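Below: the structure, in structure tokens.
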Amino acid sequence: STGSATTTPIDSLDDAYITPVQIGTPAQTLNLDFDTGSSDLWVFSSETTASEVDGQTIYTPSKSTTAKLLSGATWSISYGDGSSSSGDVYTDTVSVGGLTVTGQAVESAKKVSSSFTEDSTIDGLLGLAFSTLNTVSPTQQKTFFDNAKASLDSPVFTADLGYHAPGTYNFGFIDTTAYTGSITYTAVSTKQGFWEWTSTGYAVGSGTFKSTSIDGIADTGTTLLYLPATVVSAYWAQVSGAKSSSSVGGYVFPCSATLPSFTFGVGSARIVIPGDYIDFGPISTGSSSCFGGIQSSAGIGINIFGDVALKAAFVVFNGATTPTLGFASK
């Protein structure tokens with residue numbers, strides 16, 4: 001089997017991407033944030049504290065003839081950005097772009113933190129990291145991909161995120177028309193539960209490539225590119241007037257600037273992030289100070305190849321017995 005679904009930016013900045021997901025019978029379609037940095041499929045629901053729902057579409061398990069309470073199961077998650085959610089668990093039928101999994105754990109939120117409530121466009125998350133990170137207790141549950149894998153034509157999914165435009169998540173096949181050149185594959189460590197890999201280096205603008213190993217995670221659920229402070233300083237040093245602002249919480253730059261590109265290495269291959277992808281607009285409405293899309297990972301504890309990086313590539317998440325990651329230009 002295969003599936004193919006369009007993923008759409010939530011706003012004009014590409015702060016996140018939403019993908020429609022069918023849950024239950026008859027289908028209830030929710031727009032979920034596909035997150036290769038976590039492993040829970042959780043949704044706003046009829047059980048969510050009413051004051052914490054503001055415009056989201058909810059899953060109502062009582063209206064699904066295929067929903068079954070997973071007795072005794074609870075979940076609770078906290079994300080790298082400080083947000084969180086928790087609740088109980090149903091199993092139900094879940095379909096993404098024509099690919100159907102029966103008996104998928106659908107984690108129903110009883111509580112969500114403010115940042116989720118405040119984002120009306122995201123109805124929940126669909127985790128695509130390794131199932132070892134799944135938070136369901138006392139019986140850990142499998143991700144949608146893990147459940148689908150054996151049925152797929154090939155045990156892979158691909159992320160093709162757009163810049164200021166829709167893109168695609170495919171399951172079970174590589175669309176060879178979706179990228180240019182060849183796909184370069186690179187080793188993955190699953191020891192922390194992430195799609196963790198090592199970039200071979202970077203360049204700033206038309207500058208020379210610096211060969212250096214940069215361990216990090218491919219994370220569709222993180223907006224920005226978080227890299228070591230040395231690398232980030234080298235980038236922003238090429239932007240007149242850019243500075244790290246402790247009050248804002250990162251590098252800012254004059255909105256009048258033209259940003260240089262940023263290149264990262266995948267083996268001997270190179271992925272070029274155009275400068276415009278690195279502009280996240282005014283820090284507050286009407287400001288002429290703009291927020292940068294490349295930020296320091298210092299104090300996160302890990303480097304994160306988030307959407308800023310991934311959207312410059314066609315990315316293969318290869319879930320073979322020994323997983324790997326592939327990157328192609330597009």
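By order of appearance in the structure tokens: chains A, B, ..., then residues from 1 within every chain, and ligands from 1 in the order shown.
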
Could you produce a table of the residues of range 233-253 of chain A lying within 8 Å of range 286-300 of chain A, with the nearest pair of atoms per residue and their separation in Å rounded to one decimal, using only C-alpha atoms, ordered by chain and increasing residue number, as a tab-separated table?
residue	atom	partner	partner_atom	distance
A:250	CA	A:295	CA	6.3
A:251	CA	A:292	CA	5.6
A:252	CA	A:291	CA	4.6
A:253	CA	A:290	CA	5.3

File dump, residues just selected, N, CA, C and O atoms, as a PDB file, in the first residue's frame:
ATOM      1  N   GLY A 250      16.776  35.526  20.573  1.00  0.00           N
ATOM      2  CA  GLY A 250      17.569  34.999  19.487  1.00  0.00           C
ATOM      3  C   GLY A 250      18.114  36.084  18.585  1.00  0.00           C
ATOM      4  O   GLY A 250      18.026  37.280  18.888  1.00  0.00           O
ATOM      5  N   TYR A 251      18.678  35.655  17.467  1.00  0.00           N
ATOM      6  CA  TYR A 251      19.180  36.574  16.468  1.00  0.00           C
ATOM      7  C   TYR A 251      18.037  37.286  15.756  1.00  0.00           C
ATOM      8  O   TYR A 251      17.064  36.655  15.309  1.00  0.00           O
ATOM      9  N   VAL A 252      18.213  38.599  15.646  1.00  0.00           N
ATOM     10  CA  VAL A 252      17.329  39.472  14.905  1.00  0.00           C
ATOM     11  C   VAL A 252      18.173  40.214  13.890  1.00  0.00           C
ATOM     12  O   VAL A 252      19.395  40.299  14.020  1.00  0.00           O
ATOM     13  N   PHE A 253      17.521  40.745  12.872  1.00  0.00           N
ATOM     14  CA  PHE A 253      18.229  41.445  11.824  1.00  0.00           C
ATOM     15  C   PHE A 253      17.326  42.527  11.230  1.00  0.00           C
ATOM     16  O   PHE A 253      16.106  42.439  11.314  1.00  0.00           O
TER      17      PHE A 253
END

>> Give me the residues near range 267-278 of chain A as a PyMOL selection string, where near means some atom within 9 Å (using only C-alpha atoms) and where sequence neighbours in that chain fewer than 5 positions away do not count.
In response: chain A and resi 163-164+183-186+198-203+205+224-225+258-262+291-294+308-313+327-329

> Which one is closest to residue 121 in chain A: A:254, A:55, A:281, A:167? Count only C-alpha atoms.
Replying inline: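 Using only C-alpha atoms, residue 121 in chain A sits closest to A:55.
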
Residues of range 103-185 of chain A that have any atom at most 12 Å from an atom of range 4-27 of chain A: could you tabulate them with the shortest-distance atom pair and the distance in Å to one decimal, using only C-alpha atoms, ordered by chain and increasing number, as JSON lines?
{"residue": "A:103", "atom": "CA", "partner": "A:24", "partner_atom": "CA", "distance": 10.1}
{"residue": "A:104", "atom": "CA", "partner": "A:23", "partner_atom": "CA", "distance": 9.4}
{"residue": "A:105", "atom": "CA", "partner": "A:23", "partner_atom": "CA", "distance": 10.6}
{"residue": "A:106", "atom": "CA", "partner": "A:23", "partner_atom": "CA", "distance": 8.4}
{"residue": "A:107", "atom": "CA", "partner": "A:23", "partner_atom": "CA", "distance": 11.5}
{"residue": "A:108", "atom": "CA", "partner": "A:23", "partner_atom": "CA", "distance": 11.7}
{"residue": "A:119", "atom": "CA", "partner": "A:10", "partner_atom": "CA", "distance": 9.3}
{"residue": "A:120", "atom": "CA", "partner": "A:10", "partner_atom": "CA", "distance": 9.5}
{"residue": "A:121", "atom": "CA", "partner": "A:10", "partner_atom": "CA", "distance": 6.4}
{"residue": "A:122", "atom": "CA", "partner": "A:18", "partner_atom": "CA", "distance": 6.7}
{"residue": "A:123", "atom": "CA", "partner": "A:18", "partner_atom": "CA", "distance": 8.7}
{"residue": "A:124", "atom": "CA", "partner": "A:18", "partner_atom": "CA", "distance": 9.2}
{"residue": "A:125", "atom": "CA", "partner": "A:18", "partner_atom": "CA", "distance": 9.0}
{"residue": "A:126", "atom": "CA", "partner": "A:21", "partner_atom": "CA", "distance": 9.0}
{"residue": "A:144", "atom": "CA", "partner": "A:21", "partner_atom": "CA", "distance": 11.1}
{"residue": "A:157", "atom": "CA", "partner": "A:4", "partner_atom": "CA", "distance": 9.5}
{"residue": "A:158", "atom": "CA", "partner": "A:4", "partner_atom": "CA", "distance": 9.5}
{"residue": "A:159", "atom": "CA", "partner": "A:7", "partner_atom": "CA", "distance": 9.2}
{"residue": "A:160", "atom": "CA", "partner": "A:7", "partner_atom": "CA", "distance": 8.6}
{"residue": "A:161", "atom": "CA", "partner": "A:7", "partner_atom": "CA", "distance": 7.2}
{"residue": "A:162", "atom": "CA", "partner": "A:9", "partner_atom": "CA", "distance": 7.9}
{"residue": "A:163", "atom": "CA", "partner": "A:14", "partner_atom": "CA", "distance": 7.1}
{"residue": "A:164", "atom": "CA", "partner": "A:14", "partner_atom": "CA", "distance": 6.1}
{"residue": "A:165", "atom": "CA", "partner": "A:9", "partner_atom": "CA", "distance": 6.7}
{"residue": "A:166", "atom": "CA", "partner": "A:8", "partner_atom": "CA", "distance": 4.4}
{"residue": "A:167", "atom": "CA", "partner": "A:7", "partner_atom": "CA", "distance": 5.1}
{"residue": "A:168", "atom": "CA", "partner": "A:6", "partner_atom": "CA", "distance": 4.4}
{"residue": "A:169", "atom": "CA", "partner": "A:5", "partner_atom": "CA", "distance": 5.4}
{"residue": "A:170", "atom": "CA", "partner": "A:4", "partner_atom": "CA", "distance": 4.4}
{"residue": "A:171", "atom": "CA", "partner": "A:4", "partner_atom": "CA", "distance": 6.2}
{"residue": "A:172", "atom": "CA", "partner": "A:4", "partner_atom": "CA", "distance": 8.9}
{"residue": "A:173", "atom": "CA", "partner": "A:4", "partner_atom": "CA", "distance": 9.2}
{"residue": "A:174", "atom": "CA", "partner": "A:4", "partner_atom": "CA", "distance": 10.6}
{"residue": "A:175", "atom": "CA", "partner": "A:4", "partner_atom": "CA", "distance": 10.1}

Grab the residues selected above and save them as a tab-separated table (two decimals), in the first residue's frame with N, CA and C atoms.
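Listing of part_30.tsv after writing:
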chain	number	residue	atom	x	y	z
A	103	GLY	N	-6.78	0.08	14.38
A	103	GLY	CA	-6.23	-0.10	15.71
A	103	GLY	C	-5.13	0.86	16.09
A	104	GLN	N	-5.08	2.02	15.45
A	104	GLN	CA	-4.11	3.05	15.80
A	104	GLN	C	-4.46	3.69	17.14
A	105	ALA	N	-3.46	3.88	17.99
A	105	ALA	CA	-3.66	4.63	19.23
A	105	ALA	C	-3.86	6.10	18.90
A	106	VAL	N	-5.03	6.61	19.27
A	106	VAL	CA	-5.40	8.01	19.11
A	106	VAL	C	-5.51	8.56	20.52
A	107	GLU	N	-4.58	9.44	20.86
A	107	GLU	CA	-4.47	9.98	22.19
A	107	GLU	C	-5.34	11.22	22.31
A	108	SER	N	-6.38	11.13	23.13
A	108	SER	CA	-7.37	12.18	23.26
A	108	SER	C	-6.96	13.14	24.37
A	119	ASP	N	-3.44	28.35	19.04
A	119	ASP	CA	-3.26	28.08	17.63
A	119	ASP	C	-4.47	27.32	17.07
A	120	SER	N	-5.38	28.06	16.46
A	120	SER	CA	-6.64	27.49	16.02
A	120	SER	C	-6.48	26.53	14.86
A	121	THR	N	-5.34	26.57	14.17
A	121	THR	CA	-5.14	25.83	12.93
A	121	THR	C	-4.65	24.39	13.13
A	122	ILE	N	-4.16	24.07	14.32
A	122	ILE	CA	-3.58	22.77	14.59
A	122	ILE	C	-4.49	21.97	15.52
A	123	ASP	N	-5.02	20.87	15.01
A	123	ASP	CA	-5.98	20.04	15.74
A	123	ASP	C	-5.32	18.92	16.54
A	124	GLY	N	-3.99	18.83	16.46
A	124	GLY	CA	-3.23	17.81	17.14
A	124	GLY	C	-1.95	17.51	16.40
A	125	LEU	N	-1.21	16.51	16.88
A	125	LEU	CA	0.07	16.11	16.31
A	125	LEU	C	-0.01	14.66	15.86
A	126	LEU	N	0.76	14.35	14.83
A	126	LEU	CA	0.97	12.97	14.41
A	126	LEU	C	2.47	12.71	14.42
A	144	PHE	N	1.85	5.81	13.81
A	144	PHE	CA	1.15	5.51	12.58
A	144	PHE	C	2.07	4.82	11.57
A	157	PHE	N	8.78	6.87	4.47
A	157	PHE	CA	7.92	8.01	4.19
A	157	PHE	C	8.81	9.17	3.78
A	158	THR	N	8.24	10.12	3.04
A	158	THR	CA	9.01	11.26	2.56
A	158	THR	C	8.32	12.56	2.94
A	159	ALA	N	9.14	13.56	3.25
A	159	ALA	CA	8.68	14.91	3.54
A	159	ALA	C	9.17	15.84	2.45
A	160	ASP	N	8.23	16.54	1.83
A	160	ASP	CA	8.52	17.51	0.77
A	160	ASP	C	7.78	18.78	1.14
A	161	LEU	N	8.36	19.55	2.05
A	161	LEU	CA	7.73	20.75	2.57
A	161	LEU	C	7.96	21.92	1.63
A	162	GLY	N	6.92	22.73	1.42
A	162	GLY	CA	7.03	23.90	0.58
A	162	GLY	C	7.47	25.15	1.30
A	163	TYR	N	8.08	26.06	0.56
A	163	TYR	CA	8.37	27.41	1.03
A	163	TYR	C	7.20	28.28	0.63
A	164	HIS	N	6.46	28.76	1.63
A	164	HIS	CA	5.31	29.62	1.40
A	164	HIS	C	4.34	28.95	0.42
A	165	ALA	N	4.20	27.63	0.51
A	165	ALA	CA	3.40	26.88	-0.45
A	165	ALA	C	3.14	25.49	0.12
A	166	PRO	N	2.08	24.83	-0.36
A	166	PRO	CA	1.86	23.45	0.06
A	166	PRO	C	2.96	22.50	-0.43
A	167	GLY	N	3.03	21.35	0.23
A	167	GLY	CA	3.96	20.28	-0.09
A	167	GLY	C	3.27	18.96	0.13
A	168	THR	N	4.07	17.91	0.32
A	168	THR	CA	3.55	16.55	0.33
A	168	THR	C	4.26	15.66	1.34
A	169	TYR	N	3.47	14.82	2.02
A	169	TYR	CA	3.97	13.66	2.75
A	169	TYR	C	3.51	12.41	2.00
A	170	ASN	N	4.46	11.58	1.60
A	170	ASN	CA	4.15	10.29	0.97
A	170	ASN	C	4.58	9.16	1.88
A	171	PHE	N	3.80	8.08	1.85
A	171	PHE	CA	4.08	6.89	2.62
A	171	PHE	C	4.19	5.70	1.68
A	172	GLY	N	5.31	4.99	1.76
A	172	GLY	CA	5.46	3.73	1.06
A	172	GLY	C	6.09	3.77	-0.30
A	173	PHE	N	6.45	4.95	-0.79
A	173	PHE	CA	7.08	5.08	-2.10
A	173	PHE	C	7.86	6.39	-2.19
A	174	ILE	N	8.84	6.41	-3.08
A	174	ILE	CA	9.63	7.59	-3.42
A	174	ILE	C	9.15	8.12	-4.75
A	175	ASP	N	8.67	9.35	-4.76
A	175	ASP	CA	8.25	9.99	-6.00
A	175	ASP	C	9.48	10.56	-6.70

> Nearest to residue 182 in chain A: which of A:56, A:243, A:74, A:266 is it, counting only C-alpha atoms?
Replying inline: A:266

> For residue 306 in chain A, which residue out of A:213, A:190, A:36, A:134 is the nearest one, using only C-alpha atoms?
Replying inline: A:36

>> Please determine, counting only C-alpha atoms, which residue among A:249, A:323, A:97, A:80 has the shortest atom-to-atom distance to residue 196 in chain A.
In response: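 Checking each of A:249, A:323, A:97, A:80 against residue 196 in chain A, counting only C-alpha atoms, the winner is A:323.
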
> By how many Å are CA of residue 79 in chain A and CA of residue 109 in chain A apart?
Replying inline: 14.8 Å

>> Applying 9 Å and only C-alpha atoms, which residues near residue 192 in chain A remain after dropping the ones on its own chain fewer than 2 positions away? List them as a list in words.
In response: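 The filter keeps residues 130, 132, 133, 189, 190, 194, 195 and 196 of chain A.
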
>> Residues near residue 187 in chain A, anyone? I mean within 7 Å using only C-alpha atoms, not counting same-chain ones fewer than 4 positions away, as a PyMOL selection string.
In response: chain A and resi 197+324-325

Keeping only N, CA and C atoms, write the selected residues to a file as a tab-separated table (two decimals), in the first residue's frame.
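Contents of again-v1.tsv, as written:
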chain	number	residue	atom	x	y	z
A	197	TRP	N	21.21	12.29	12.80
A	197	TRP	CA	22.19	12.07	11.75
A	197	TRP	C	23.31	13.09	11.91
A	324	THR	N	17.78	4.86	7.74
A	324	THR	CA	18.66	5.88	7.20
A	324	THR	C	17.82	7.09	6.81
A	325	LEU	N	18.48	8.21	6.52
A	325	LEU	CA	17.84	9.41	5.99
A	325	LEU	C	18.41	9.72	4.62

>> For residue 220 in chain A, find every residue with an atom within 7 Å (counting only C-alpha atoms), except residues of its own chain fewer than 2 positions away, and show them as a list in words.
In response: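 In the requested format, the answer is residues 34, 35, 36, 37, 218, 222, 306 and 307 of chain A.
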
> Counting only C-alpha atoms, what is within 10 Å of range 68-72 of chain A, bar same-chain residues fewer than 5 positions away, as a PyMOL selection string?
Replying inline: chain A and resi 61-62+88-92+103+105-107+137-139
